[PDB]
Protein chains: 2
Amino acid sequence: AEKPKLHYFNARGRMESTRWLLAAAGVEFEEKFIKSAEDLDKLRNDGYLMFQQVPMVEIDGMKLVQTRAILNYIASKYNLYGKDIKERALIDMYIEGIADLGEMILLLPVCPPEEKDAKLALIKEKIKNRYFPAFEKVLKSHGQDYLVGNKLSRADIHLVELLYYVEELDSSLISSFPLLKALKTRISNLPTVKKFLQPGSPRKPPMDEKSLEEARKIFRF
Amino acid sequence: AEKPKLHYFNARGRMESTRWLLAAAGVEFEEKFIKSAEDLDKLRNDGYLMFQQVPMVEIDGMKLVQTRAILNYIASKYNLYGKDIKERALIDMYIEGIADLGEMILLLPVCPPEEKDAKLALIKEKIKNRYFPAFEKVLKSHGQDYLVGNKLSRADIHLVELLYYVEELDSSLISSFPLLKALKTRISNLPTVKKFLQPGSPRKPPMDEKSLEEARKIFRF
Ligand SMILES: N[C@@H](CCC(=O)N[C@@H](CSC(=S)NCCc1ccccc1)C(=O)NCC(=O)O)C(=O)O
Ligand SMILES: N[C@@H](CCC(=O)N[C@@H](CSC(=S)NCCc1ccccc1)C(=O)NCC(=O)O)C(=O)O
């Protein structure tokens with residue numbers, strides 16, 4: 001049990017940001033894929049899940065649930081959480097904006113069909129007018145290669161992950177954000193992240209209809 | 001030196017857990033209330049809001065947005081975030097469960113009238129069968145006065161705040177969790193918290209009709 005062990009169903013979902021961070025940190029992990037409501041109930045009954053939910057990661061003797069608890073620990077453990085409390089505040093402020101946007105995109109597929117169009121348009125408007133400007137502005141103001149402390153952090157990893165999902169959405173959205181483009185390229189070419197982006201890795205594909213129906217079967221929603 | 005300043009409207013909303021945490025830490029703070037969309041637009045134009053939203057807290061030379069960024073910083077600063085990353089992992093796991101429940105309760109008032117009762121019922125069920133059981137188990141597990149590290153942390157503060165909102169919802173819900181009942185009593189009698197719970201503190205009341213209108217008008221939803 002040297003490898004962290006990720007419990008989740010076979011999809012990006014709430015576990016993918018953790019997959020990215022671990023990979024960018026060069027940490028190898030195992031994944032135990034939930035395939036059925038029965039598998040989830042198994043974990044639930046063996047007392048593995050504090051709030052009866054996944055994501056859960058077995059790491060360092062712990063059974064960590066809650067996405068942010070997992071990410072925070074992993075980021076600290078591998079020195080990707082800034083150097084002090086004030087760097088951490090910037091990292092936290094940045095990645096919480098990223099989380100807000102990411103949550104909107106993550107849930108788009110379960111928007112009621114009569115709300116789907118307006119929600120997509122809202123997401124595009126916020127990307128254009130709120131989130132991309134905010135992060136371009138940060139890069140522009142210190143001119144450095146990384147978001148915080150002139151050094152690779154979880155913030156660059158989380159943001160670049162999001163850039164890939166926005167590109168899947170509408171490849172034109174990032175067009176007028178040169179600094180964001182540059183960041184995506186630099187980060188994507190880091191050896192650990194390059195390897196994750198390449199075919200064959202544990203990186204997961206966009207959720208399709210089949211996958212969405214598996215999640216409804218498993219999590220009973 | 002300079003007191004923290006809390007930028008929000010005059011309500012609990014997303015700023016109340018910050019008010020609790022600062023107050024519990026014995027930190028005096030000031031509030032600048034937003035009363036109109038025009039006040040919000042000023043903070044925006046002034047460049048004070050990274051994502052054009054509040055909560056915003058001015059603290060130690062930073063304009064901190066994002067509830068979790070704010071709370072994380074304050075928790076670390078006043079030694080309420082555990083003594084090592086393993087304790088922070090437990091704290092994070094606990095408080096993210098508290099966040100999940102708090103979010104359901106926070107947004108209850110903006111449920112459409114034909115969803116209000118169903119949603120309320122779900123909440124009560126999750127309190128009774130998922131969340132209170134988890135936190136009671138943690139307390140029963142080590143038998144100590146505080147959730148983590150045998151010492152006051154943000155987890156105790158965030159939980160007890162939540163126990164007060166649950167009491168407003170349905171005073172019977174806590175009835176079969178003696179350790180939670182006793183935690184609430186103990187934390188409520190810490191000098192700093194006791195003063196916050198007394199009249200005249202920055203502690204805010206439950207949202208009533210007018211408050212909600214002020215919120216729609218101000219934040220344009
Ligand atoms: N705040 C928690 C949330 C955990 C959570 O919601 N877990 C889900 C599983 S996570 C999820 S549903 N993954 C897919 C998300 C998704 C669904 C549909 C379309 C797109 C994405 C779960 O366990 N449900 C069972 C239950 O609560 O009884 C966290 O961040 O870890
Ligand atoms: N993830 C962010 C979210 C901040 C946020 O949503 N702020 C709202 C204001 S906070 C909120 S609306 N508080 C009221 C809570 C409430 C809502 C509905 C019913 C009852 C209470 C805002 O600024 N909206 C304007 C905009 O996005 O353009 C954070 O935690 O800080």
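We name chains A, B, ... by the order of the sequence lines, and we start the count at 1 in each one. Side chains included, hydrogens not; waters and symmetry mates left out as well; all remaining heavy atoms used.
- In this structure, the salt bridge (charged side-chain N to carboxylate O under 4.0 Å, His left out) partners of A:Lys124, at least two apart in sequence or on a different chain, are A:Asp170.
- Sorted by first then second residue, the salt bridge (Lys or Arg N to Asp or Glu O under 4.0 Å) pairs that include residues 73-92 of chain B, not counting sequence neighbours, are B:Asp60-B:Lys77, B:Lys83-B:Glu87, B:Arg88-B:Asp92.
- Looking only at side-chain heavy atoms (C-beta outward), B:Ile105 and B:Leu162 come within less than 4.5 Å of each other.
- When the salt bridge (charged side-chain N to carboxylate O under 4.0 Å, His left out) test is applied to A:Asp100, no partner is found at least two apart in sequence or on another chain.
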B:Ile187/B:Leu152 under side chain to side chain contact (heavy atoms under 4.5 Å, CB included): CA gap, chis, key distance, verdict: CA-CA 9 Å; B:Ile187 301 297; B:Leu152 183 68; 3.9 Å; yes
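- A donor-acceptor distance shorter than 3.5 angstrom exists from the side chain of B:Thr185 to the backbone of B:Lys181, with no hydrogens or angles considered.
- With sequence neighbours excluded, the residues forming a side-chain contact (heavy atoms from CB on, under 4.5 Å) with B:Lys3 are B:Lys5, B:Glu28, B:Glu30, listed by chain and number.
- The two residues B:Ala215 and B:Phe221 make their nearest non-hydrogen contact at O-CE2, 3.5 Å.
- For B:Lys42, the salt bridge (charged side-chain N to carboxylate O under 4.0 Å, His left out) test picks out B:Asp46, with sequence neighbours left out.
- Using a 4.5 Å heavy-atom threshold, the side chains of A:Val54 and A:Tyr48 count as separate.
- The backbone N or O of B:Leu147 lies less than 3.5 Å from a partner atom in the side chain of B:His142, making a donor-acceptor pair.
- Atoms NZ and NZ, from B:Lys32 and B:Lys35 in turn, are 10.0 Å apart once rounded to the nearest 0.5 Å.
- With rounding to the nearest 0.5 angstrom, the OG1 atom of B:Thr192 is 6.5 Å from the CD1 atom of B:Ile157.
- Closest of all the heavy-atom pairs between B:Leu212 and B:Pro109 is CD2-O, 4.2 Å.
- Scanning for side-chain contact (heavy atoms from CB on, under 4.5 Å) contacts around A:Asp117 gives an empty result, with sequence neighbours left out.
- With sequence neighbours left out, the side chain to side chain donor-acceptor pair (under 3.5 Å) criterion links A:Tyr164 to A:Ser188.
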Using the side chain to side chain contact (heavy atoms under 4.5 Å, CB included) rule, take A:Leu120 and A:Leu169 through it: C-alpha gap first, then chi angles, then the decisive distance, then the call. CA-CA 9 Å; A:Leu120 174 63; A:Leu169 257 195; 3.9 Å; yes
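- In terms of heavy-atom proximity, B:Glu214 sits nearest to B:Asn10 at OE2-N, 4.4 Å.
- Checked against side-chain contact (heavy atoms from CB on, under 4.5 Å), A:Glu16 has the following partners two or more places apart in sequence or in another chain: A:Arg12, A:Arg19, A:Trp20, A:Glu161, A:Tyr165, A:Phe196, A:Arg203, A:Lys204.
- Remark: B:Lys217 NZ is packed, more than 12 non-hydrogen atoms of other residues, nucleotides or ligands lying under 6.0 Å away.
- In this structure, the separation between OG on A:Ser153 and CD1 on A:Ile95 is 8.0 Å, given to the nearest 0.5 Å.
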Derivation of the side chain to side chain contact (heavy atoms under 4.5 Å, CB included) call for B:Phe177 and B:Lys128: CA-CA 9 Å; B:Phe177 307 91; B:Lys128 181 67 171 161; 4.1 Å; yes
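- When the options B:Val57, B:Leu22, B:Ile74, B:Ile59 are evaluated for a side chain to side chain contact (heavy atoms under 4.5 Å, CB included) with B:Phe29, the one that passes is B:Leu22.
- Contacts classified as salt bridge (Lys or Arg N to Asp or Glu O under 4.0 Å) and involving residues 102-116 of chain A (residues at least two apart or in different chains) are given here: A:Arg14-A:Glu103.
- Ring geometry for B:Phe135 against B:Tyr94 counts as perpendicular: the plane angle is over 60°, on a 0 to 90° scale with 30° as the lower cut.
- In this structure, NE2 in B:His7 is found 10.5 Å from CD in B:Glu31, a value given to the nearest 0.5 Å.
- A salt bridge (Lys or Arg N to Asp or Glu O under 4.0 Å) check over residues 63-75 of chain B, counting only residues at least two apart or in different chains, returns the pairs A:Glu96-B:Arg68, B:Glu58-B:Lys63, B:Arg68-B:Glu96.
- Counting heavy atoms from C-beta outward, B:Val27 and B:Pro4 have side chains that approach closer than 4.5 Å.
- Between the NE2 atom in A:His158 and the CD1 atom in A:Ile98 there is a gap of 7.5 Å [rounded to 0.5 Å].
- Side-chain contact between B:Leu159 and B:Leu180 is present, with heavy atoms from C-beta onward closer than 4.5 Å.
- Nearest heavy atom pair, residue B:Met207 against residue B:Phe9, reads CE-CZ, 3.5 Å.
- The two residues B:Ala69 and A:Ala89 come nearest to each other via the heavy atoms CB-O, 4.2 Å.
- Pairing each heavy atom of A:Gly82 with each of A:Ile91, the nearest pair is N-CD1, 3.1 Å.
- B:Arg44 meets the side-chain contact (heavy atoms from CB on, under 4.5 Å) test with A:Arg130, B:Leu40, B:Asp41, B:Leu49, B:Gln52, B:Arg220; sequence neighbours excluded.
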Stepwise salt bridge (charged side-chain N to carboxylate O under 4.0 Å, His left out) check, B:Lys210 with B:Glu213: CA-CA 5 Å; B:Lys210 38 185 169 183; B:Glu213 298 329 321; over 6 Å; no
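- Every residue was checked against the salt bridge (charged side-chain N to carboxylate O under 4.0 Å, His left out) condition with A:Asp208, not counting sequence neighbours, and none meets it.
- Counting heavy atoms from C-beta outward, A:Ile123 and A:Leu101 have side chains that approach closer than 4.5 Å.
- Here the side chains of B:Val138 and A:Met50 are in contact, with some heavy-atom distance below 4.5 Å.
- The shortest distance between side-chain heavy atoms of B:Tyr131 and B:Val166 does not fall below 4.5 Å.
- Between B:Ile218 and B:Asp39 there is no side-chain heavy-atom pair separated by less than 4.5 Å.
- Separation of atoms CE (A:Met93) and CG (B:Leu64) is listed at 5.5 Å; rounding is to 0.5 Å.
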Walk me through whether B:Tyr81 and B:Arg154 qualify under side chain to side chain contact (heavy atoms under 4.5 Å, CB included). CA-CA 6 Å; B:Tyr81 213 165; B:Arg154 64 183 298 195; 3.3 Å; yes
